[PDB]
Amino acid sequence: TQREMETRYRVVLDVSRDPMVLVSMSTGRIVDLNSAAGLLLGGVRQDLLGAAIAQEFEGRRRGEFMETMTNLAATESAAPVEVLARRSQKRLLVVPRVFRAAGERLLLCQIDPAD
């Protein structure tokens, strides 16, 4: 059940063509992502896991960026933040949604190209 649902989660995230990054509300760090997100961000999973999400985006810092996404996720309008990914040099639209798991909050962020 632990491993069962873990396995379902892993496969659905990996197979999904929707570019997604999962971010810790506590630390602002990337806790998971899929390869579609990796492609838009310009990095492999191994480089992005554990990385501060704000530092992937030019001119952003953890405090303000996490506050921005937290506030946007509260509008429940799928409102996006416009960003520029340092590695890929692609302008992107990031749409955050907050949910609770294991006593903490995570932000599931969808990524789309902006241009």
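All residue numbers refer to positions in the sequence shown, first residue = 1.
If you average the Cα B factors in the entry, which is higher, 96-104 or 15-23?
So the stretch with the higher mean C-alpha B-factor is 96-104.
Decide which of the stretches 106-114 and 3-11 has the higher mean C-alpha B-factor, going by the entry.
Comparing averages over the C-alpha atoms only gives 3-11.
Which is it among 44, 84, 33, 79: the one with the largest CA B-factor in the entry?
Comparing C-alpha B-factors across 44, 84, 33, 79, the top value belongs to 79.
Check the PDB entry and point out which of 49, 54, 37, 73 has the largest C-alpha temperature factor.
That would be 73.
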